[PDB]
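Inspection log for the structure reproduced underneath, given as structure tokens.
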There are 2 protein chains.
Amino acid sequence: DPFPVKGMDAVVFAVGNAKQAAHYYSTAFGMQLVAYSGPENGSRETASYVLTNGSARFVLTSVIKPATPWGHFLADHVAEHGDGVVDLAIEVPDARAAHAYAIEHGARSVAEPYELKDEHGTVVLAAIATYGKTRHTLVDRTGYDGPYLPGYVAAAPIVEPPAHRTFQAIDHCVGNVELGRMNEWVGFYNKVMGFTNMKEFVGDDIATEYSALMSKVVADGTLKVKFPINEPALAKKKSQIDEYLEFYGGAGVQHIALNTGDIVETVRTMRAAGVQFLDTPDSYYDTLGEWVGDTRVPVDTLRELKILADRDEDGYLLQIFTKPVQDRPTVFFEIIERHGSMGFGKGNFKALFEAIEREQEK
Amino acid sequence: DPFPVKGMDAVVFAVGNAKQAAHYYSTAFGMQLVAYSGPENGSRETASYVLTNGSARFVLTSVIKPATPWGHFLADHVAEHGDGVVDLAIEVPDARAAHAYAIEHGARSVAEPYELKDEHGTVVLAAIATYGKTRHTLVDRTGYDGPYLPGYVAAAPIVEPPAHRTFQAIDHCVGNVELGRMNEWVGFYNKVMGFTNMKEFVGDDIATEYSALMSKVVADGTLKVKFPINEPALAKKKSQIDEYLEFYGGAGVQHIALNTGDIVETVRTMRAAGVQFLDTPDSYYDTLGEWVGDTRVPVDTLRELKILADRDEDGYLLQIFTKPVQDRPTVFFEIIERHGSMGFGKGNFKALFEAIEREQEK
Ligand SMILES: O=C1CCCC(=O)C1=C(O)c1ccc(C(F)(F)F)cc1[N+](=O)[O-]
Ligand SMILES: O=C1CCCC(=O)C1=C(O)c1ccc(C(F)(F)F)cc1[N+](=O)[O-]
Ligand SMILES: [Fe+2]
Ligand SMILES: [Fe+2]
């Protein structure tokens, strides 16, 4: 009500080779190029590709020859953190209202409300800062009907789209922060955006023995925009969050979860298109039926495809994670098919731990 | 004879994201991953992918976290020049003999002869500097039979290979140097490697009227290794060599040409796989029959796929150029099919110029 959001406008990646990245997400991930902005249309400093899959939208920008503060920012970001997210854009009914609200409540401004206008309409943009070097651009595109944003031109798919759509929406966007900074960012979203803490959290219990991490997730009123916040935790095993902060060079987006209507078909398509996922211990499946019960996907194909599952009091979910999409063990993706569960797979930390422990006896 | 060369051992690219670059070359270019070296096998600083297609071999290397002189060099090179070639490796029968010969005749040593050994044998490596930041690793792998080089492990293809092999060898590698430095570098190969000039060249006539570039070509005795050297020239066309030098930030490899036994099938596979080639004016095919004569491929299909052709006293060749593989207007590739001609398609500068002029009048 006081800080209304319509959903994620786009996940903007600052990358070293936008042309090849756009090819990767088109083929490996099955997305489709719909808009572009570069030298061929008068935008000489950066090349920007807009890929889409249902309502999921990724923007891949790369600086050609730095000349403005933004250009120099991207160049430095890519060199320092490697390919990663710089903007978790949020669509709002009113950018000026949202910006003022966020600033009145403590947020730091990255961009004052401004307007872009072309033959397709007007778009009001505003931006505030969140963890590390990441920002949230507040986008009011109610008066625009073009390809993406004024300055962008329609573009054709780099390749034929896959027979079955790989994904159709963004479920959640996860951020990794330093130890001791989780609750601070959680409070930030509660205050600055009027978000609400969801029931599911990864507490000290699971944190120190199975996950090596603590998490809490904030979401808007409609439960569309969901932002889980991870932080390292001491366990017997090295923390994947610490490894992230170490190789990324600070706080940043760890992974983006994408909704699919058929995770089985999504994985078959993605695997054949060249994407590798995590290797789930086969013994995980031996005891899956005992704690998760029956699923719409028989255990044999979950086992064949390395797909995971989790069950809570509201239902269940099917999930799978890709390996990092760069060489730095930093950002990766998650494909998720929900069936009642509103969780994030917290039960798999223990399940996989105990599953590994018994592969080690065989 | 005093500097025998077996051919191109590999063309090593320094990239910002080796994962996605390997996927790009596997899918768009149709190559297969055969070897790998990264954190997973004990090589913590860099991730390196070896791609192959016939005798053509590309090595895509990316630094994860720089810790050595080589790692820091890779990181710097990528930030300063964008994705590009850092090594035109040449296979030799004796890496020590070749390194001593090069250094005696003027070359700057970049790496003294050293040996790498593992379960698959021994390789002797040496290295000298060429234009810009490029080097030539002199490789003696006569006593090695593994995946690529000691330290690399066998790898499976990222995806299933295309029905028809896209290309099978490296025809030539072109370097772009500054104004007035062409003859210096052609001289360098004549003196340091014993290469002699081919007759094929682009000068006075072509340069200041059609090409906006001057070019000479050195080659070894067996003519397997070919190195055309380009420099900028003044015409009423902004020079593409100037564009390269400006956005790349100095001299460096402009393009690698690749042999295909069937350019029609190659272009069909590559086009469906996502690669875009230069847009050849339709009017080029109207008068093509007049100056180039009959070809094994009918003009109707050459026109459809935008494949070019050229003829000389020895025969003809069929060729096509890809758009650059990064956002910077720098490196690109060429697919070539020879039929007697020892040329490089210089006849197409006049042909394309007049074809463009014709499409304009209408
Ligand atoms: O999405 C989230 C937010 C809460 C913390 C978290 O770990 C999230 C995961 O996507 C998740 C959940 C479970 C697992 C498991 F157990 F399978 F390894 C892994 C991840 N994960 O890698 O993000
Ligand atoms: O390979 C060479 C070396 C000599 C100079 C040269 O232009 C080379 C080409 O591959 C070439 C030839 C013709 C054309 C044309 F006319 F089609 F535009 C383009 C290129 N080229 O972009 O390298
Ligand atoms: Fe998740
Ligand atoms: Fe060429």
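For the structure tokens, the naming scheme is as follows: chains receive sequential letters (A, B, ...) according to their order of presentation, residues are indexed from 1 within each chain, and ligands are indexed from 1 in presentation order.
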
Do you have, as JSON lines, the list of residues of stretch 186-271 of chain A lying at most 12 Å from stretch 42-53 of chain A, each with its nearest atom pair and that distance in Å to one decimal, counting only C-alpha atoms and ordered by chain then number?
{"residue": "A:258", "atom": "CA", "partner": "A:53", "partner_atom": "CA", "distance": 9.6}
{"residue": "A:259", "atom": "CA", "partner": "A:53", "partner_atom": "CA", "distance": 10.1}
{"residue": "A:260", "atom": "CA", "partner": "A:53", "partner_atom": "CA", "distance": 10.2}

Can you check which parts of chain B lie within 8 Å of chain A? Per residue, the shortest pair of atoms and distance in Å to one decimal, counting only C-alpha atoms, sorted by chain and number, as JSON lines.
{"residue": "B:16", "atom": "CA", "partner": "A:16", "partner_atom": "CA", "distance": 5.9}
{"residue": "B:17", "atom": "CA", "partner": "A:326", "partner_atom": "CA", "distance": 5.7}
{"residue": "B:18", "atom": "CA", "partner": "A:327", "partner_atom": "CA", "distance": 6.7}
{"residue": "B:19", "atom": "CA", "partner": "A:326", "partner_atom": "CA", "distance": 5.6}
{"residue": "B:20", "atom": "CA", "partner": "A:24", "partner_atom": "CA", "distance": 6.4}
{"residue": "B:21", "atom": "CA", "partner": "A:20", "partner_atom": "CA", "distance": 6.9}
{"residue": "B:23", "atom": "CA", "partner": "A:24", "partner_atom": "CA", "distance": 7.0}
{"residue": "B:24", "atom": "CA", "partner": "A:20", "partner_atom": "CA", "distance": 6.3}
{"residue": "B:47", "atom": "CA", "partner": "A:327", "partner_atom": "CA", "distance": 6.5}
{"residue": "B:62", "atom": "CA", "partner": "A:327", "partner_atom": "CA", "distance": 7.5}
{"residue": "B:64", "atom": "CA", "partner": "A:328", "partner_atom": "CA", "distance": 5.4}
{"residue": "B:65", "atom": "CA", "partner": "A:247", "partner_atom": "CA", "distance": 7.2}
{"residue": "B:75", "atom": "CA", "partner": "A:79", "partner_atom": "CA", "distance": 7.6}
{"residue": "B:79", "atom": "CA", "partner": "A:79", "partner_atom": "CA", "distance": 6.2}
{"residue": "B:82", "atom": "CA", "partner": "A:16", "partner_atom": "CA", "distance": 7.3}
{"residue": "B:83", "atom": "CA", "partner": "A:17", "partner_atom": "CA", "distance": 7.4}
{"residue": "B:158", "atom": "CA", "partner": "A:274", "partner_atom": "CA", "distance": 5.2}
{"residue": "B:159", "atom": "CA", "partner": "A:274", "partner_atom": "CA", "distance": 5.1}
{"residue": "B:160", "atom": "CA", "partner": "A:272", "partner_atom": "CA", "distance": 7.7}
{"residue": "B:247", "atom": "CA", "partner": "A:65", "partner_atom": "CA", "distance": 6.9}
{"residue": "B:272", "atom": "CA", "partner": "A:159", "partner_atom": "CA", "distance": 6.4}
{"residue": "B:273", "atom": "CA", "partner": "A:159", "partner_atom": "CA", "distance": 6.4}
{"residue": "B:274", "atom": "CA", "partner": "A:159", "partner_atom": "CA", "distance": 5.2}
{"residue": "B:275", "atom": "CA", "partner": "A:158", "partner_atom": "CA", "distance": 7.8}
{"residue": "B:325", "atom": "CA", "partner": "A:19", "partner_atom": "CA", "distance": 6.9}
{"residue": "B:326", "atom": "CA", "partner": "A:17", "partner_atom": "CA", "distance": 5.6}
{"residue": "B:327", "atom": "CA", "partner": "A:19", "partner_atom": "CA", "distance": 6.0}
{"residue": "B:328", "atom": "CA", "partner": "A:64", "partner_atom": "CA", "distance": 5.4}

Convert the current residue selection to file output with N, CA, C and O atoms, as a compact mmCIF listing (two decimals), in the first residue's frame.
# COMPACT_ATOMS: atom_id res chain seq x y z
N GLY B 16 37.04 -12.87 -20.70
CA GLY B 16 36.53 -12.51 -19.39
C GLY B 16 35.69 -13.60 -18.77
O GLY B 16 35.55 -13.66 -17.56
N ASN B 17 35.16 -14.49 -19.61
CA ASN B 17 34.32 -15.60 -19.16
C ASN B 17 34.54 -16.83 -20.04
O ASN B 17 33.85 -17.01 -21.05
N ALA B 18 35.49 -17.68 -19.66
CA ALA B 18 35.82 -18.90 -20.40
C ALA B 18 34.68 -19.90 -20.51
O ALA B 18 34.58 -20.64 -21.50
N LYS B 19 33.83 -19.95 -19.48
CA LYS B 19 32.69 -20.86 -19.44
C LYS B 19 31.78 -20.55 -20.61
O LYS B 19 31.54 -21.41 -21.47
N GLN B 20 31.30 -19.31 -20.65
CA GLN B 20 30.40 -18.87 -21.71
C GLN B 20 31.06 -18.77 -23.08
O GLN B 20 30.39 -18.94 -24.09
N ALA B 21 32.37 -18.53 -23.12
CA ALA B 21 33.10 -18.45 -24.38
C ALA B 21 33.21 -19.85 -25.00
O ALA B 21 33.08 -20.01 -26.21
N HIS B 23 31.09 -22.23 -24.52
CA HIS B 23 29.73 -22.58 -24.93
C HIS B 23 29.46 -21.90 -26.27
O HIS B 23 28.91 -22.52 -27.18
N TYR B 24 29.88 -20.65 -26.39
CA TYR B 24 29.70 -19.90 -27.63
C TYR B 24 30.37 -20.58 -28.80
O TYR B 24 29.76 -20.75 -29.85
N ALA B 47 40.88 -20.85 -15.52
CA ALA B 47 40.03 -21.89 -16.08
C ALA B 47 40.37 -21.82 -17.57
O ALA B 47 40.29 -20.74 -18.18
N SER B 62 40.68 -17.84 -18.95
CA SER B 62 40.16 -16.78 -18.11
C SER B 62 40.74 -16.89 -16.70
O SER B 62 40.78 -17.98 -16.13
N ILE B 64 40.64 -16.43 -12.77
CA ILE B 64 39.65 -16.41 -11.69
C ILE B 64 40.00 -15.36 -10.62
O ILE B 64 39.16 -14.55 -10.21
N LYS B 65 41.24 -15.43 -10.17
CA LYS B 65 41.79 -14.52 -9.17
C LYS B 65 43.29 -14.53 -9.49
O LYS B 65 43.96 -15.55 -9.29
N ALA B 75 44.28 -10.87 -16.80
CA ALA B 75 43.27 -9.96 -16.26
C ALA B 75 43.37 -8.56 -16.85
O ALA B 75 42.35 -7.96 -17.22
N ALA B 79 40.70 -6.48 -19.60
CA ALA B 79 40.11 -5.20 -19.23
C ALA B 79 40.47 -4.09 -20.21
O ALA B 79 39.63 -3.25 -20.55
N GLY B 82 39.57 -6.11 -24.22
CA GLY B 82 38.35 -6.88 -24.45
C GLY B 82 38.81 -8.26 -24.85
O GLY B 82 40.01 -8.50 -24.96
N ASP B 83 37.88 -9.19 -25.08
CA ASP B 83 38.27 -10.55 -25.47
C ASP B 83 39.14 -10.55 -26.73
O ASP B 83 38.85 -9.86 -27.70
N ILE B 158 30.45 -30.00 -24.65
CA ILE B 158 29.44 -29.26 -23.92
C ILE B 158 28.05 -29.67 -24.43
O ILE B 158 27.14 -29.94 -23.65
N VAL B 159 27.94 -29.81 -25.75
CA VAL B 159 26.71 -30.22 -26.43
C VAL B 159 27.08 -31.18 -27.56
O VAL B 159 28.25 -31.33 -27.92
N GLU B 160 26.07 -31.82 -28.14
CA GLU B 160 26.27 -32.74 -29.24
C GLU B 160 26.69 -31.91 -30.46
O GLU B 160 26.07 -30.88 -30.75
N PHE B 247 39.47 0.83 -30.76
CA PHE B 247 38.70 0.08 -29.77
C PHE B 247 39.42 -1.07 -29.10
O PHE B 247 39.05 -1.47 -27.99
N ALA B 272 21.91 -21.07 -38.30
CA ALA B 272 20.86 -21.65 -37.47
C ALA B 272 21.32 -21.73 -36.01
O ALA B 272 20.50 -21.70 -35.09
N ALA B 273 22.64 -21.81 -35.83
CA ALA B 273 23.25 -21.88 -34.50
C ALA B 273 23.45 -20.51 -33.87
O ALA B 273 24.03 -20.39 -32.78
N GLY B 274 23.01 -19.46 -34.56
CA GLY B 274 23.11 -18.12 -33.99
C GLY B 274 24.15 -17.11 -34.43
O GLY B 274 24.13 -15.98 -33.93
N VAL B 275 25.06 -17.46 -35.33
CA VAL B 275 26.04 -16.47 -35.76
C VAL B 275 25.59 -15.66 -36.97
O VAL B 275 24.95 -16.18 -37.89
N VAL B 325 32.96 -11.01 -32.78
CA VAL B 325 32.45 -11.87 -31.71
C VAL B 325 32.35 -11.22 -30.32
O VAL B 325 32.07 -11.91 -29.33
N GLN B 326 32.62 -9.92 -30.23
CA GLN B 326 32.50 -9.14 -28.98
C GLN B 326 31.72 -7.90 -29.37
O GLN B 326 31.36 -7.71 -30.53
N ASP B 327 31.56 -7.00 -28.41
CA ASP B 327 30.86 -5.74 -28.63
C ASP B 327 31.78 -4.72 -29.27
O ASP B 327 31.33 -3.87 -30.03
N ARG B 328 33.07 -4.80 -28.94
CA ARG B 328 34.06 -3.90 -29.54
C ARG B 328 34.20 -4.32 -31.00
O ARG B 328 34.21 -5.52 -31.29

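For residue B:238, the set of protein, DNA and RNA residues having any atom at most 12 Å away, when counting only C-alpha atoms and skipping those fewer than 3 positions along the same chain, is residues 207, 208, 209, 210, 211, 212, 213, 232, 233, 234, 235, 241, 242, 243 and 244 of chain B.
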
Go ahead and write the residues just picked, N, CA and C atoms, as a PDB file, in the first residue's frame.
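After the write, selection12.pdb holds the following:
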ATOM      1  N   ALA B 207      43.998   0.001 -51.825  1.00  0.00           N
ATOM      2  CA  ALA B 207      44.009   0.773 -50.580  1.00  0.00           C
ATOM      3  C   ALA B 207      43.260   2.112 -50.589  1.00  0.00           C
ATOM      4  N   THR B 208      43.794   3.087 -51.318  1.00  0.00           N
ATOM      5  CA  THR B 208      43.199   4.425 -51.396  1.00  0.00           C
ATOM      6  C   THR B 208      41.947   4.568 -52.257  1.00  0.00           C
ATOM      7  N   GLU B 209      41.272   3.466 -52.552  1.00  0.00           N
ATOM      8  CA  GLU B 209      40.078   3.554 -53.376  1.00  0.00           C
ATOM      9  C   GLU B 209      38.948   2.652 -52.925  1.00  0.00           C
ATOM     10  N   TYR B 210      39.289   1.437 -52.507  1.00  0.00           N
ATOM     11  CA  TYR B 210      38.288   0.462 -52.097  1.00  0.00           C
ATOM     12  C   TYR B 210      38.411  -0.100 -50.678  1.00  0.00           C
ATOM     13  N   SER B 211      39.617  -0.520 -50.314  1.00  0.00           N
ATOM     14  CA  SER B 211      39.858  -1.151 -49.022  1.00  0.00           C
ATOM     15  C   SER B 211      40.145  -0.312 -47.784  1.00  0.00           C
ATOM     16  N   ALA B 212      40.799   0.836 -47.949  1.00  0.00           N
ATOM     17  CA  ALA B 212      41.159   1.689 -46.814  1.00  0.00           C
ATOM     18  C   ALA B 212      42.158   0.939 -45.912  1.00  0.00           C
ATOM     19  N   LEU B 213      42.948   0.066 -46.531  1.00  0.00           N
ATOM     20  CA  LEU B 213      43.953  -0.716 -45.822  1.00  0.00           C
ATOM     21  C   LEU B 213      45.001  -1.254 -46.793  1.00  0.00           C
ATOM     22  N   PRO B 232      46.476   0.604 -41.675  1.00  0.00           N
ATOM     23  CA  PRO B 232      45.479   1.540 -42.212  1.00  0.00           C
ATOM     24  C   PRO B 232      45.964   2.405 -43.367  1.00  0.00           C
ATOM     25  N   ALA B 233      45.031   2.771 -44.241  1.00  0.00           N
ATOM     26  CA  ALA B 233      45.303   3.635 -45.394  1.00  0.00           C
ATOM     27  C   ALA B 233      44.181   4.667 -45.484  1.00  0.00           C
ATOM     28  N   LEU B 234      44.439   5.786 -46.159  1.00  0.00           N
ATOM     29  CA  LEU B 234      43.431   6.835 -46.320  1.00  0.00           C
ATOM     30  C   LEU B 234      42.647   6.673 -47.616  1.00  0.00           C
ATOM     31  N   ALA B 235      41.330   6.803 -47.518  1.00  0.00           N
ATOM     32  CA  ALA B 235      40.415   6.711 -48.654  1.00  0.00           C
ATOM     33  C   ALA B 235      39.183   7.503 -48.227  1.00  0.00           C
ATOM     34  N   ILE B 241      40.723  -0.712 -40.073  1.00  0.00           N
ATOM     35  CA  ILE B 241      41.925  -1.018 -39.304  1.00  0.00           C
ATOM     36  C   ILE B 241      42.096   0.044 -38.208  1.00  0.00           C
ATOM     37  N   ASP B 242      41.671   1.277 -38.499  1.00  0.00           N
ATOM     38  CA  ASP B 242      41.730   2.379 -37.530  1.00  0.00           C
ATOM     39  C   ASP B 242      40.742   2.091 -36.410  1.00  0.00           C
ATOM     40  N   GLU B 243      39.551   1.637 -36.804  1.00  0.00           N
ATOM     41  CA  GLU B 243      38.489   1.297 -35.874  1.00  0.00           C
ATOM     42  C   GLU B 243      39.012   0.250 -34.905  1.00  0.00           C
ATOM     43  N   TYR B 244      39.640  -0.786 -35.449  1.00  0.00           N
ATOM     44  CA  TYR B 244      40.211  -1.855 -34.638  1.00  0.00           C
ATOM     45  C   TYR B 244      41.210  -1.299 -33.625  1.00  0.00           C
TER      46      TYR B 244
END

Closest atom pairs, chain A residues within 7 Å of ligand 1, only C-alpha atoms and all ligand atoms, as JSON lines:
{"residue": "A:172", "atom": "CA", "partner": "ligand 1", "partner_atom_place_in_ligand_line": "1 (O)", "distance": 6.9}
{"residue": "A:174", "atom": "CA", "partner": "ligand 1", "partner_atom_place_in_ligand_line": "3 (C)", "distance": 6.1}
{"residue": "A:201", "atom": "CA", "partner": "ligand 1", "partner_atom_place_in_ligand_line": "4 (C)", "distance": 6.7}
{"residue": "A:202", "atom": "CA", "partner": "ligand 1", "partner_atom_place_in_ligand_line": "5 (C)", "distance": 6.5}
{"residue": "A:215", "atom": "CA", "partner": "ligand 1", "partner_atom_place_in_ligand_line": "5 (C)", "distance": 5.2}
{"residue": "A:216", "atom": "CA", "partner": "ligand 1", "partner_atom_place_in_ligand_line": "4 (C)", "distance": 6.6}
{"residue": "A:217", "atom": "CA", "partner": "ligand 1", "partner_atom_place_in_ligand_line": "3 (C)", "distance": 6.8}
{"residue": "A:228", "atom": "CA", "partner": "ligand 1", "partner_atom_place_in_ligand_line": "3 (C)", "distance": 4.8}
{"residue": "A:229", "atom": "CA", "partner": "ligand 1", "partner_atom_place_in_ligand_line": "3 (C)", "distance": 6.9}
{"residue": "A:230", "atom": "CA", "partner": "ligand 1", "partner_atom_place_in_ligand_line": "5 (C)", "distance": 6.2}
{"residue": "A:255", "atom": "CA", "partner": "ligand 1", "partner_atom_place_in_ligand_line": "23 (O)", "distance": 6.6}
{"residue": "A:308", "atom": "CA", "partner": "ligand 1", "partner_atom_place_in_ligand_line": "17 (F)", "distance": 7.0}
{"residue": "A:321", "atom": "CA", "partner": "ligand 1", "partner_atom_place_in_ligand_line": "22 (O)", "distance": 6.5}
{"residue": "A:334", "atom": "CA", "partner": "ligand 1", "partner_atom_place_in_ligand_line": "10 (O)", "distance": 6.6}
{"residue": "A:344", "atom": "CA", "partner": "ligand 1", "partner_atom_place_in_ligand_line": "1 (O)", "distance": 4.8}
{"residue": "A:345", "atom": "CA", "partner": "ligand 1", "partner_atom_place_in_ligand_line": "12 (C)", "distance": 4.3}
{"residue": "A:346", "atom": "CA", "partner": "ligand 1", "partner_atom_place_in_ligand_line": "13 (C)", "distance": 5.0}
{"residue": "A:347", "atom": "CA", "partner": "ligand 1", "partner_atom_place_in_ligand_line": "16 (F)", "distance": 6.4}
{"residue": "A:348", "atom": "CA", "partner": "ligand 1", "partner_atom_place_in_ligand_line": "16 (F)", "distance": 3.6}
{"residue": "A:349", "atom": "CA", "partner": "ligand 1", "partner_atom_place_in_ligand_line": "16 (F)", "distance": 3.5}
{"residue": "A:352", "atom": "CA", "partner": "ligand 1", "partner_atom_place_in_ligand_line": "16 (F)", "distance": 6.5}

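When only C-alpha atoms and all ligand atoms are used to measure the gap to ligand 4, the shortest distance among B:66, B:343, B:315, B:289 belongs to B:343.
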
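Surrounding stretch 193-195 of chain A within 10 Å are residues 1, 2, 3, 4, 5, 98, 99, 101, 102, 105, 107, 186, 187, 188, 217, 218, 219, 220, 221, 222, 223, 225, 226 and 227 of chain A, with only C-alpha atoms counted and residues fewer than 5 positions along the same chain left out.
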
Output C-alpha atoms for every residue in that selection, as a compact mmCIF listing (two decimals), in the first residue's frame.
# COMPACT_ATOMS: atom_id res chain seq x y z
CA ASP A 1 0.00 0.00 0.00
CA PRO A 2 2.60 2.65 1.02
CA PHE A 3 5.33 1.27 -1.29
CA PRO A 4 3.47 -0.72 -3.99
CA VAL A 5 5.50 -2.89 -6.39
CA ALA A 98 8.66 5.34 -4.51
CA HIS A 99 11.95 7.25 -4.59
CA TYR A 101 9.39 7.17 0.16
CA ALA A 102 12.64 5.17 0.09
CA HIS A 105 13.06 6.16 5.19
CA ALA A 107 17.84 4.70 1.63
CA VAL A 186 16.46 -7.43 6.24
CA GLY A 187 15.55 -4.38 8.31
CA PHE A 188 16.50 -2.18 5.35
CA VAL A 217 13.60 -13.62 3.23
CA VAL A 218 11.68 -10.40 2.72
CA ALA A 219 8.77 -9.97 0.31
CA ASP A 220 6.31 -7.29 -0.73
CA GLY A 221 2.60 -7.42 0.09
CA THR A 222 1.59 -9.32 -3.07
CA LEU A 223 4.44 -11.79 -2.40
CA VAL A 225 9.09 -9.61 -5.25
CA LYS A 226 11.00 -11.91 -2.89
CA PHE A 227 14.54 -11.11 -1.70

Check: If you run DSSP on the backbone, which residues of stretch 165-302 of chain A are alpha helix (DSSP H), as a ChimeraX atom specification?
Finding: /A:182-192,204-206,240-248,263-272,283-286,289-292,299-302

Next item on the list: Output as JSON, numbers by chain all residues of stretch 144-267 of chain A that backbone DSSP marks as strand (DSSP E).
Entry: {"A": [153, 154, 169, 170, 171, 172, 173, 174, 175, 176, 196, 197, 198, 199, 200, 201, 202, 213, 214, 215, 216, 217, 218, 219, 226, 227, 228, 229, 230, 231, 232, 252, 253, 254, 255, 256, 257, 258, 259]}

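The closest residue to ligand 4, picked from B:10, B:318, B:263, B:192 and counting only C-alpha atoms and all ligand atoms, is B:318.
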